[PDB]
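Reviewing the structure listed below.
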Amino acid sequence: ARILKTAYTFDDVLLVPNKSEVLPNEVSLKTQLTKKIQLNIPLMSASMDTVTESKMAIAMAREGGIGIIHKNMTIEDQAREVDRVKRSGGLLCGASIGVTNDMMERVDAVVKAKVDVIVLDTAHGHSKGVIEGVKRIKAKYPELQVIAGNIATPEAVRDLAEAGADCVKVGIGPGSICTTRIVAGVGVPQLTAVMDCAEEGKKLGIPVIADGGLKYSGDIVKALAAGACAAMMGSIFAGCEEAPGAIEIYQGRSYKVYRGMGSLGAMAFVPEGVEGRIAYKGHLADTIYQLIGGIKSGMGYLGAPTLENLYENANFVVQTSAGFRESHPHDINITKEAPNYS
Amino acid sequence: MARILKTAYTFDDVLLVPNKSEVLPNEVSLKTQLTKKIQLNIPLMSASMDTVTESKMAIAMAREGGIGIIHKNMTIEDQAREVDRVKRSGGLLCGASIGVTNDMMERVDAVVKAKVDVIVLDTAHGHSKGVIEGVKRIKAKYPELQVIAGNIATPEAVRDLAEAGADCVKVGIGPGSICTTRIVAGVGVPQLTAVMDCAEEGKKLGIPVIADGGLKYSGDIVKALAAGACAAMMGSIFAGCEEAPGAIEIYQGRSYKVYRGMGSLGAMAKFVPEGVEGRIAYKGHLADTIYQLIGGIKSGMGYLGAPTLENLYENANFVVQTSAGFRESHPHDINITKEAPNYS
Amino acid sequence: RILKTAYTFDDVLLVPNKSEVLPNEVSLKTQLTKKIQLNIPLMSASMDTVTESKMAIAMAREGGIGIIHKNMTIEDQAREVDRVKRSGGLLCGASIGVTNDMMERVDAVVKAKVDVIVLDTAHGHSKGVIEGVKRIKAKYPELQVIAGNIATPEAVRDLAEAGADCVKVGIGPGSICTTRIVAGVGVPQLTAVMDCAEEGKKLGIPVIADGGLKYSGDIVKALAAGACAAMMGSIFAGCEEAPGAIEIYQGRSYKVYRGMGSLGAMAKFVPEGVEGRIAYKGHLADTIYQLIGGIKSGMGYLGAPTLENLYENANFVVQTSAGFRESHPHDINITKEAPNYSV
Amino acid sequence: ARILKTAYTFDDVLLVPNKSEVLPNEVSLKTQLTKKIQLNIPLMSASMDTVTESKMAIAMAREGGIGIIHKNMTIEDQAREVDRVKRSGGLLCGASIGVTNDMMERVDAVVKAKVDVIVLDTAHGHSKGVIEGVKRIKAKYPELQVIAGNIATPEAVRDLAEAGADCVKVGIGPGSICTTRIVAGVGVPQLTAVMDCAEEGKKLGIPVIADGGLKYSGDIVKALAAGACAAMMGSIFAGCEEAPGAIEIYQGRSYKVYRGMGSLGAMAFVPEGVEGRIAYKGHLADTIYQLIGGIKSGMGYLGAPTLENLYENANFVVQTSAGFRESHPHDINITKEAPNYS
Ligand SMILES: C[C@@H](Oc1cc[n+]([O-])c2ccccc12)c1cn(-c2ccc(Cl)cc2)nn1
Ligand SMILES: C[C@@H](Oc1cc[n+]([O-])c2ccccc12)c1cn(-c2ccc(Cl)cc2)nn1
Ligand SMILES: C[C@@H](Oc1cc[n+]([O-])c2ccccc12)c1cn(-c2ccc(Cl)cc2)nn1
Ligand SMILES: C[C@@H](Oc1cc[n+]([O-])c2ccccc12)c1cn(-c2ccc(Cl)cc2)nn1
Ligand SMILES: O=c1[nH]cnc2c1ncn2[C@@H]1O[C@H](COP(=O)(O)O)[C@@H](O)[C@H]1O
Ligand SMILES: O=c1[nH]cnc2c1ncn2[C@@H]1O[C@H](COP(=O)(O)O)[C@@H](O)[C@H]1O
Ligand SMILES: O=c1[nH]cnc2c1ncn2[C@@H]1O[C@H](COP(=O)(O)O)[C@@H](O)[C@H]1O
Ligand SMILES: O=c1[nH]cnc2c1ncn2[C@@H]1O[C@H](COP(=O)(O)O)[C@@H](O)[C@H]1O
């Protein structure tokens, strides 16, 4: 037992403005998901059964990003959804794999469906199972892009890079539907965990991904400046028409079902997630336009023409509970709906 | 002079950091040494309050691998009969509460004859003369008897109680969900920091520590254990269970059980109170509640790559979280529409 | 030019000590000044909604002392003081403003046999207070004078040299205060009392903790911080011995309570206080019984037979906002009302 | 990517009372807006469309400070507003200029109408556009007084001072209607933001304007004690009757529309501000009277007869959230309304 440090999340921190020569319209958002794979926008959608299936992956890829088809469907149906995505336009497609007995069975299936990236995700990425699971997959298909998750420590990044992972997913406990930190007392405040594993990722030359904890466009900006190659989201996308689950109406307003993959309903081990509903946002292209527009804005403040240039010249400052109340709209009664704020 | 020492944390303040794991949750073991003789299977205890643990809860707790401490608010006669009812119920572990009183020996006499397994000498201020001389007096008449002394919050207290002959120390001044000691007396050390300190001084003297109070989740236990505690004691968590002495009241179709502190006005009426009196939601049976606690503990231990509790304490690293992180930890920005068995 | 982080009572917690003494074995005798002794270290605020004759008579019997407010006629204040004094040798205090007729107001209450005088202005570390205390101690060398309010140990020196026998500490910690908000000035009360007490010990002058004391536990902290006595208005404001008839609002009972720098009380300066209602606490004796019990309990925890030993042995600990949540009752719907804890 | 330090705001700190030979009435609140322009009170109405126009500018100047006519109108109309203020008894007047294609000819027109001060306010003053812009204005009108903003860092003060700016506006994200820190992640908590810029402005000889995040009169004192020469408020003034817009009744209570210059309404796209309604203050003169009462009283505590004596001898102290709770009134049911607290 030893208390090492104080760790921070996104709303603990703020990016200090830099001398700018670029405006939000000239900066680029292209990023390298892995060595082979690059994205025109650094956004991914979460490998969950209430966020991403065929229709969502196609939309995300059509916006320059990429989606990860979840793993709560039968093997036959998983390669089939991958098939639908790759067929229409030859877009980027991701498949979620679990450390199971029929692991190589799915991996063999979606590889046949010409998937771009296998991402195997678990609750505990720094484990004996996932490591050898990566080696097993990477042995059969050496050129296949593997993304392993989830971890929260730089030591974990080392062993996954050693195992053969071409990318890493960072974040234990920061999910909006997550209860891991509550029912297991385990996790690292996302921001600290990200820049800890991102810096360790730069040294070995592997990209890391921030997963969960993002509410606004400004949080993604902080994640990127912390060294993250991309950001994966669930709640921001779950209320979009391209997301699975029908529309439910309660008290006049429209909703979509959203739940963790470790909640009681999804696993149909004690639950490490909850189930609820999220506000229906409309079409994805309208949400992404705001997210992209917000990122370009922040990078313009920090005078970064590229995402590489952002990580190098970004400085963080820590705010308190007082500073956090100042950072949000205050002392006014909001009467008109903003497209990027509550 | 008045000295400001340091910042002290609780369980909501901190987070454990995932280690490399060769271990799955369904594989770890939660065995512990409550004392040198007594070895619990699961590291859970039930509080010795009149709204948590009578013979019913004690039998249920012992059956699940834990232990129950029968409260002392009843008569010496009525308590010995309670302890007995647990002991002759199938070789189960049982404990009884005592206080620094005049009939302290008469009560210890009664429960020792009821073949009680452990003795809990729990008071408001465990680091006092009355508790120290009390333990020495009990031990003088009953050497082989196992004694737990409380409540403490300092390493200095551990040494004095260990010097007196305590077999285990109970740590916690103010973490109680029904407690108002920190509010009316201004005295108390935030539980996590207090647990760590007493654990450390406890290891060196070869005497285990009990984490009492401040826990409302499974993660709180994982932090309590990783901080060097052998067992965690809970009242609020088990008070909602059907094996609790409280009767099932109903408010607006929802069912509740009454829960009060032993220093609350009602509990003392049997006045300057250091506790409050209220009601909590009815949970159901204990074994269903415990099954959720163990599943959370075993899940957390799988994260720190610990097969045993001793391996957890040795290989545990804590990270301090801000309030901003605390909000991120709990499920946020979602209207939860289905009740989870282990979160509310 | 940011010095440090300063704490209030809620930021801090007292660490238990080895104790060979029980809560009812401890003594609350204290030293208000060199010559004035209190059986309990509690004083009632000199406000128009808190302390007049009836309150001061009640505080004195219970062991403490009451300070009659100066928001009235010089004749009246001496009339109030006389009522308290002739009631059987009870300690009585009279607050004095720093005004043109400062002395004339004083002369009246020393004739009515007042025991202590307090010179309370919004800023006790100024020219008026300092030369004021000297003007008073010149005519009355034997009269016990309390000056305030201050928040710096530098101000303790300035007032101790002036001739003040005691200093009152607290800038903007009051329940009705807005000084920290409208002026931006003030020092968190635990830090303020700790600093001024230490410098007070070096000079041999008692300090008074004034404002921001919601609970009996807060009093234990201030006493452990070095304060000779605590002063509160919010606590005693609802009591029946306090000025003001009972207002019935929404079926419940209240008394009016307001700052002396509020628009209501000051009837050119901008308001530095608010005006409000506080629940009717019944009689005074009930409330102080709880307070004394809370103080006596905390001293039992810290192994303190006297208030002196308390200060010498006190260890403090800073708690985060998370510890503050587990300090108060949590995870329970409280039904029965606590006579010493409320929400 | 590294964390710099803890940046505080006004709710984070407290001023410590010094010895005082001066009563609040005996203090002077005069300042230097630039080296050439002086104010009798360090107050300044914000340059937004819903707070300051000719009615407000005259009202502000009549009370002691300046009002700055917003730039959300035609060049002709703005030159006429400046005209309405100047001919109205030779009062101090401020126009507002942005980095735009018609920027120069706009500056030409307001200079013609004898505007006393130009403010070049953009979302990001530490940029190529603003630096080049200030260069041009001083080139054409060497003696014209120009303020530039907004900034948050010392380096930006130097860069603006180098370009000939007579004064700089400090504040990235502290506004009451602001959503910049939320959408971009960019910002510096106003107190240390002002303090660091003020310290470096006093090394060069350039004043700084504490902008935004000022709720109370005490917050203005803290700003002045940190080194700021003047404070700028929109939220405090948008509710007065001299402000633009008609009064609104919602609950039988009077309100006025307050919107950010980067909100959907003001722009006519990605917004950086919100729109809403503020409570109706009434007449500005009675509002200013309360703010002057707070500043002079705060200086009375600090024994400051002047604003420079204030800065020279001002010690700050950080309070926690427990201290913040103690600062505001507590445990009381406020029956009657105070003029300076709500
Ligand atoms: C209950 C369920 O929870 C989850 C199920 C699925 N996902 O993706 C999860 C992600 C993060 C946290 C928990 C998740 C689950 C948890 N575990 C699990 C728990 C602990 C460990 Cl060490 C290894 C695996 N295996 N299944
Ligand atoms: C959305 C809008 O925001 C604003 C528009 C106008 N004003 O005056 C603003 C003042 C403070 C903060 C934001 C403001 C706006 C922002 N930007 C903008 C933002 C960043 C950069 Cl690097 C360059 C330009 N261009 N227009
Ligand atoms: C008010 C009541 O509170 C309690 C009464 C009974 N028990 O078991 C308690 C346990 C923990 C905390 C408080 C308890 C009580 C407190 N004390 C007490 C308080 C301080 C000291 Cl030093 C010694 C005894 N004596 N009775
Ligand atoms: C508004 C009113 O406030 C008060 C007026 C009267 N009293 O006794 C007060 C006591 C404590 C706090 C404020 C008080 C008041 C404040 N001041 C005042 C303010 C600042 C200074 Cl430096 C000196 C005096 N003059 N009148
Ligand atoms: O059942 C769960 N428990 C904990 N974390 C989960 C669960 N399901 C998904 N997650 C994680 O949470 C992320 C989404 O979080 P959000 O975008 O903040 O809503 C996913 O991409 C996963 O990494
Ligand atoms: O009246 C009281 N005052 C203070 N602490 C109490 C009182 N009654 C019980 N406790 C403690 O609070 C613990 C229960 O903690 P909980 O699980 O948070 O309710 C018990 O095991 C006791 O140690
Ligand atoms: O109008 C005021 N402004 C600021 N402080 C005040 C005012 N009136 C009284 N006080 C102080 O507040 C103390 C009581 O504070 P409370 O006990 O927290 O209500 C009094 O003893 C005075 O020192
Ligand atoms: O759309 C906007 N976004 C962010 N800040 C703004 C916007 N419009 C005006 N501001 C700034 O916010 C300040 C007002 O702060 P307030 O008094 O706290 O409302 C103005 O002086 C501007 O400098």
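Residue numbering restarts at 1 in every chain; chains get A, B, ... in the order shown in the structure tokens, and ligands count up from 1 in that same order.
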
Hey, could you make a per-residue contact list for chain B against chain A with 8 Å as the cut-off, showing the nearest pair of atoms and its distance in Å to one decimal, counting only C-alpha atoms, sorted by chain and number, as a tab-separated table?
```
residue	atom	partner	partner_atom	distance
B:15	CA	A:186	CA	5.7
B:16	CA	A:186	CA	4.7
B:17	CA	A:187	CA	5.7
B:18	CA	A:186	CA	6.6
B:19	CA	A:126	CA	7.0
B:20	CA	A:126	CA	5.0
B:21	CA	A:127	CA	4.6
B:22	CA	A:128	CA	5.0
B:23	CA	A:128	CA	7.8
B:25	CA	A:269	CA	7.6
B:26	CA	A:269	CA	7.8
B:196	CA	A:1	CA	7.7
B:217	CA	A:183	CA	6.2
B:218	CA	A:183	CA	4.7
B:219	CA	A:185	CA	3.7
B:220	CA	A:185	CA	6.3
B:221	CA	A:185	CA	8.0
B:222	CA	A:185	CA	6.0
B:223	CA	A:185	CA	6.3
B:226	CA	A:1	CA	6.1
B:227	CA	A:1	CA	5.4
B:228	CA	A:1	CA	7.2
B:292	CA	A:270	CA	6.5
B:295	CA	A:270	CA	5.5
B:296	CA	A:183	CA	5.2
B:297	CA	A:184	CA	6.1
B:299	CA	A:184	CA	6.0
B:300	CA	A:184	CA	4.1
B:301	CA	A:184	CA	7.8
B:303	CA	A:124	CA	6.5
B:313	CA	A:1	CA	5.6
B:314	CA	A:1	CA	6.3
B:315	CA	A:1	CA	6.8
B:316	CA	A:1	CA	4.7
B:317	CA	A:2	CA	5.2
B:318	CA	A:3	CA	4.3
B:319	CA	A:5	CA	5.2
B:320	CA	A:6	CA	4.2
B:321	CA	A:7	CA	5.5
B:322	CA	A:8	CA	6.8
B:323	CA	A:321	CA	7.9
B:324	CA	A:12	CA	6.1
B:325	CA	A:9	CA	5.7
B:328	CA	A:174	CA	5.8
B:329	CA	A:174	CA	5.9
B:330	CA	A:179	CA	6.1
B:331	CA	A:176	CA	4.9
B:332	CA	A:176	CA	4.9
B:333	CA	A:176	CA	6.6
B:334	CA	A:278	CA	6.1
B:335	CA	A:276	CA	5.3
B:336	CA	A:276	CA	3.8
B:337	CA	A:276	CA	4.3
B:338	CA	A:275	CA	5.5
B:339	CA	A:274	CA	7.7
B:340	CA	A:274	CA	6.3
B:341	CA	A:271	CA	7.8
B:342	CA	A:183	CA	7.1
B:343	CA	A:183	CA	7.7
```

Select the residues contacting ligand 7 at a distance of at most 7 Å, based on only C-alpha atoms and all ligand atoms, then format the selection as a list in words.
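Residues lying within 7 Å of ligand 7: residues 45, 46, 47, 170, 172, 173, 174, 175, 176, 177, 178, 179, 210, 211, 212, 213, 231, 232, 233, 234, 235, 258, 259, 260, 261, 262, 272, 273 and 274 of chain C.
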
What does the file look like for those residues with N, CA, C and O atoms, as a JSON list (two decimals), in the first residue's frame?
```
[["chain", "number", "residue", "atom", "x", "y", "z"],
["C", 45, "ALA", "N", -22.88, 37.08, 20.65],
["C", 45, "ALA", "CA", -22.50, 38.21, 19.79],
["C", 45, "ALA", "C", -23.21, 39.50, 20.19],
["C", 45, "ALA", "O", -24.36, 39.48, 20.65],
["C", 46, "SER", "N", -22.53, 40.63, 20.01],
["C", 46, "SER", "CA", -23.11, 41.93, 20.31],
["C", 46, "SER", "C", -23.88, 42.45, 19.11],
["C", 46, "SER", "O", -23.45, 43.39, 18.44],
["C", 47, "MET", "N", -25.02, 41.83, 18.83],
["C", 47, "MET", "CA", -25.86, 42.22, 17.71],
["C", 47, "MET", "C", -27.27, 42.52, 18.21],
["C", 47, "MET", "O", -27.66, 42.06, 19.29],
["C", 170, "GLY", "N", -11.81, 37.53, 13.57],
["C", 170, "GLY", "CA", -12.73, 37.08, 12.55],
["C", 170, "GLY", "C", -13.17, 38.15, 11.58],
["C", 170, "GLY", "O", -13.94, 39.04, 11.92],
["C", 172, "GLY", "N", -15.20, 38.32, 8.22],
["C", 172, "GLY", "CA", -16.06, 37.62, 7.28],
["C", 172, "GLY", "C", -16.35, 36.13, 7.43],
["C", 172, "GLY", "O", -16.57, 35.47, 6.42],
["C", 173, "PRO", "N", -16.37, 35.60, 8.67],
["C", 173, "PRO", "CA", -16.77, 34.19, 8.75],
["C", 173, "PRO", "C", -18.22, 34.02, 9.19],
["C", 173, "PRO", "O", -18.70, 32.89, 9.27],
["C", 174, "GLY", "N", -18.91, 35.12, 9.46],
["C", 174, "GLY", "CA", -20.26, 35.08, 9.99],
["C", 174, "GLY", "C", -21.29, 34.49, 9.05],
["C", 174, "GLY", "O", -21.16, 34.58, 7.83],
["C", 175, "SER", "N", -22.33, 33.89, 9.62],
["C", 175, "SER", "CA", -23.39, 33.25, 8.85],
["C", 175, "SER", "C", -24.18, 34.26, 8.01],
["C", 175, "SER", "O", -24.80, 33.90, 7.02],
["C", 176, "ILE", "N", -24.15, 35.53, 8.42],
["C", 176, "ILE", "CA", -24.89, 36.58, 7.73],
["C", 176, "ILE", "C", -23.96, 37.56, 7.02],
["C", 176, "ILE", "O", -24.41, 38.52, 6.40],
["C", 177, "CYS", "N", -22.66, 37.31, 7.12],
["C", 177, "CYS", "CA", -21.66, 38.21, 6.56],
["C", 177, "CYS", "C", -21.54, 38.11, 5.04],
["C", 177, "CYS", "O", -21.81, 37.07, 4.45],
["C", 178, "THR", "N", -21.13, 39.21, 4.41],
["C", 178, "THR", "CA", -20.87, 39.25, 2.97],
["C", 178, "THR", "C", -19.58, 40.00, 2.65],
["C", 178, "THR", "O", -19.32, 40.32, 1.49],
["C", 179, "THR", "N", -18.78, 40.27, 3.68],
["C", 179, "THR", "CA", -17.54, 41.04, 3.52],
["C", 179, "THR", "C", -16.60, 40.39, 2.52],
["C", 179, "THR", "O", -16.05, 41.06, 1.64],
["C", 210, "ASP", "N", -14.69, 34.39, 16.61],
["C", 210, "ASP", "CA", -15.99, 35.02, 16.40],
["C", 210, "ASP", "C", -16.53, 34.79, 14.99],
["C", 210, "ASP", "O", -15.99, 35.31, 14.01],
["C", 211, "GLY", "N", -17.59, 33.99, 14.89],
["C", 211, "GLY", "CA", -18.27, 33.77, 13.63],
["C", 211, "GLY", "C", -17.92, 32.46, 12.94],
["C", 211, "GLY", "O", -16.77, 32.02, 12.96],
["C", 212, "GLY", "N", -18.92, 31.84, 12.32],
["C", 212, "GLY", "CA", -18.71, 30.64, 11.53],
["C", 212, "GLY", "C", -18.66, 29.36, 12.34],
["C", 212, "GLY", "O", -18.00, 28.39, 11.95],
["C", 213, "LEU", "N", -19.37, 29.34, 13.46],
["C", 213, "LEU", "CA", -19.41, 28.17, 14.33],
["C", 213, "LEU", "C", -20.79, 27.53, 14.32],
["C", 213, "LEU", "O", -21.66, 27.88, 15.12],
["C", 231, "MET", "N", -17.32, 32.98, 20.12],
["C", 231, "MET", "CA", -18.49, 33.85, 20.02],
["C", 231, "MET", "C", -19.31, 33.51, 18.79],
["C", 231, "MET", "O", -18.79, 33.37, 17.69],
["C", 232, "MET", "N", -20.62, 33.37, 18.99],
["C", 232, "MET", "CA", -21.51, 33.06, 17.89],
["C", 232, "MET", "C", -22.83, 33.80, 18.04],
["C", 232, "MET", "O", -23.28, 34.06, 19.15],
["C", 233, "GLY", "N", -23.44, 34.13, 16.91],
["C", 233, "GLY", "CA", -24.73, 34.79, 16.92],
["C", 233, "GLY", "C", -25.80, 33.87, 16.37],
["C", 233, "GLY", "O", -26.92, 33.84, 16.86],
["C", 234, "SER", "N", -25.43, 33.11, 15.34],
["C", 234, "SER", "CA", -26.37, 32.25, 14.64],
["C", 234, "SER", "C", -27.00, 31.21, 15.56],
["C", 234, "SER", "O", -28.19, 30.92, 15.47],
["C", 235, "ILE", "N", -26.18, 30.65, 16.44],
["C", 235, "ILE", "CA", -26.64, 29.63, 17.36],
["C", 235, "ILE", "C", -27.65, 30.17, 18.37],
["C", 235, "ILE", "O", -28.68, 29.55, 18.62],
["C", 258, "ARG", "N", -30.02, 39.11, 11.75],
["C", 258, "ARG", "CA", -29.42, 39.93, 10.70],
["C", 258, "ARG", "C", -28.05, 40.45, 11.09],
["C", 258, "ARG", "O", -27.74, 40.58, 12.27],
["C", 259, "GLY", "N", -27.24, 40.76, 10.08],
["C", 259, "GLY", "CA", -25.93, 41.34, 10.32],
["C", 259, "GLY", "C", -26.05, 42.78, 10.77],
["C", 259, "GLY", "O", -27.00, 43.47, 10.41],
["C", 260, "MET", "N", -25.07, 43.24, 11.55],
["C", 260, "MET", "CA", -25.05, 44.62, 12.02],
["C", 260, "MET", "C", -24.64, 45.58, 10.91],
["C", 260, "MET", "O", -24.73, 46.79, 11.06],
["C", 261, "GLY", "N", -24.20, 45.02, 9.79],
["C", 261, "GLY", "CA", -23.84, 45.81, 8.63],
["C", 261, "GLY", "C", -24.84, 45.61, 7.50],
["C", 261, "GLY", "O", -24.58, 45.97, 6.36],
["C", 262, "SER", "N", -25.98, 45.03, 7.84],
["C", 262, "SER", "CA", -27.06, 44.86, 6.87],
["C", 262, "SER", "C", -27.83, 46.17, 6.71],
["C", 262, "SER", "O", -27.66, 47.10, 7.50],
["C", 272, "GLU", "N", -22.71, 45.22, 4.25],
["C", 272, "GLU", "CA", -21.79, 44.09, 4.38],
["C", 272, "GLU", "C", -22.43, 42.96, 5.18],
["C", 272, "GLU", "O", -21.73, 42.18, 5.83],
["C", 273, "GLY", "N", -23.75, 42.89, 5.15],
["C", 273, "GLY", "CA", -24.48, 41.84, 5.84],
["C", 273, "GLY", "C", -25.86, 41.62, 5.27],
["C", 273, "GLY", "O", -26.43, 42.51, 4.64],
["C", 274, "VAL", "N", -26.41, 40.43, 5.49],
["C", 274, "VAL", "CA", -27.75, 40.10, 5.02],
["C", 274, "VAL", "C", -28.73, 40.00, 6.19],
["C", 274, "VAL", "O", -28.33, 39.98, 7.35]]
```

Looking only at alpha helix (DSSP H) from DSSP on the backbone, list the matching residues of range 81-174 of chain B as a PyMOL selection string.
chain B and resi 81-87+104-113+129-141+155-164

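As for CA of residue 215 in chain B and CA of residue 50 in chain B, they are spaced 18.9 Å apart.
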
Could you list, as a PyMOL selection string, every residue within 6 Å of residue 175 in chain B, counting only C-alpha atoms and ignoring same-chain residues fewer than 3 positions away?
(chain B and resi 213-214) or (chain C and resi 326)

Could you give me the residues within range 188-310 of chain A that DSSP places in strand (DSSP E), as a PyMOL selection string?
chain A and resi 208-211+230-233+247-250+253-259+275-279

Tell me which of B:61, B:104, B:157, B:286 sits closest to chain C, counting only C-alpha atoms.
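Among the listed residues, B:157 lies closest to chain C.
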
Collect all residues with atoms no farther than 9 Å from ligand 4, counting only C-alpha atoms and all ligand atoms, and output them as a PyMOL selection string.
(chain C and resi 46-47+69-71+95+97+120-126+149+170-172+174+177-179+183+259-263+265-266+268-273) or (chain D and resi 17+20-24+294+296-303)

Atom-to-atom span, CA of residue 41 in chain A and CA of residue 65 in chain A, Å:
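Atom-to-atom, CA of residue 41 in chain A to CA of residue 65 in chain A, that is 5.2 Å.
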
Please identify every polymer residue within 7 Å of ligand 6, using only C-alpha atoms and all ligand atoms, and present the set as a ChimeraX atom specification.
/B:47-49,172,174-181,212-216,233-237,260-264,274-276

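Taking CA of residue 246 in chain D and CA of residue 61 in chain D as the two end points, the separation is 22.2 Å.
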
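The smallest atom-to-atom distance between ligand 5 and any of A:40, A:34, A:150, A:335, using only C-alpha atoms and all ligand atoms, is found for A:150.
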
Taking a cut-off of 12 Å and counting only C-alpha atoms and all ligand atoms, can you build a table that, for each residue of chain A near ligand 8, reports the nearest atom pair and how far apart they are in Å (one decimal), sorted by chain then residue number, as CSV?
```
residue,atom,partner,partner_atom_place_in_ligand_line,distance
A:325,CA,ligand 8,18 (O),11.8
A:326,CA,ligand 8,18 (O),8.8
A:327,CA,ligand 8,4 (C),10.0
A:328,CA,ligand 8,4 (C),10.2
A:329,CA,ligand 8,18 (O),8.9
A:330,CA,ligand 8,18 (O),8.0
A:331,CA,ligand 8,18 (O),8.2
A:332,CA,ligand 8,19 (O),8.5
A:333,CA,ligand 8,19 (O),12.0
A:338,CA,ligand 8,1 (O),11.6
```

So that I can check the surroundings of range 81-87 of chain A, please list as a list in words every protein, DNA and RNA residue that reaches within 10 Å of it, counting only C-alpha atoms and ignoring chain neighbours fewer than 6 positions away.
residues 53, 54, 55, 56, 57, 58, 59, 61, 67, 68, 69, 70, 73, 93, 94, 95, 109, 110, 111, 112, 113, 114, 115 and 116 of chain A

Would you name the residues within 6 Å of ligand 3, counting only C-alpha atoms and all ligand atoms, and put them as a list in words?
residues 123, 124, 125, 262, 263, 272, 273 and 274 of chain B; 22, 23, 297, 300 and 301 of chain C

Just-selected residues, N, CA, C and O atoms written as a tab-separated table (two decimals), in the first residue's frame:
```tsv
chain	number	residue	atom	x	y	z
B	123	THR	N	-15.52	0.96	22.27
B	123	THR	CA	-16.02	2.19	22.88
B	123	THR	C	-15.82	3.37	21.94
B	123	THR	O	-15.25	3.22	20.86
B	124	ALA	N	-16.31	4.54	22.34
B	124	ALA	CA	-16.16	5.75	21.54
B	124	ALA	C	-14.69	6.15	21.42
B	124	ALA	O	-14.23	6.51	20.34
B	125	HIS	N	-13.97	6.07	22.53
B	125	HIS	CA	-12.55	6.41	22.55
B	125	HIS	C	-11.73	5.22	23.03
B	125	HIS	O	-11.55	5.02	24.24
B	262	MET	N	-25.40	3.67	17.75
B	262	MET	CA	-25.46	3.26	19.15
B	262	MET	C	-25.30	4.44	20.11
B	262	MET	O	-25.51	4.30	21.31
B	263	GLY	N	-24.91	5.59	19.56
B	263	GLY	CA	-24.80	6.80	20.35
B	263	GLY	C	-25.92	7.77	20.02
B	263	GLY	O	-25.94	8.90	20.53
B	272	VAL	N	-26.06	13.81	25.37
B	272	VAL	CA	-25.44	14.43	24.21
B	272	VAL	C	-25.07	13.36	23.18
B	272	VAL	O	-24.02	12.73	23.28
B	273	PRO	N	-25.95	13.16	22.19
B	273	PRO	CA	-25.82	12.09	21.20
B	273	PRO	C	-24.70	12.33	20.19
B	273	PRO	O	-24.47	13.47	19.77
B	274	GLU	N	-24.01	11.26	19.79
B	274	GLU	CA	-22.99	11.34	18.76
B	274	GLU	C	-23.38	10.48	17.56
B	274	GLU	O	-22.53	10.01	16.81
C	22	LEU	N	-12.38	11.35	31.51
C	22	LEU	CA	-13.70	11.19	30.91
C	22	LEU	C	-14.34	12.54	30.61
C	22	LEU	O	-14.00	13.54	31.25
C	23	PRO	N	-15.26	12.59	29.63
C	23	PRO	CA	-15.92	13.83	29.20
C	23	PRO	C	-16.49	14.69	30.33
C	23	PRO	O	-16.50	15.91	30.21
C	297	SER	N	-16.93	16.43	25.27
C	297	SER	CA	-16.69	15.15	24.62
C	297	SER	C	-15.37	15.17	23.85
C	297	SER	O	-14.57	14.25	23.95
C	300	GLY	N	-12.44	15.08	26.00
C	300	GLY	CA	-12.26	13.73	26.50
C	300	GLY	C	-11.51	12.88	25.49
C	300	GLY	O	-10.72	12.01	25.85
C	301	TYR	N	-11.75	13.15	24.21
C	301	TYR	CA	-11.05	12.46	23.13
C	301	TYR	C	-9.57	12.82	23.12
C	301	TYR	O	-8.71	11.97	22.89
```
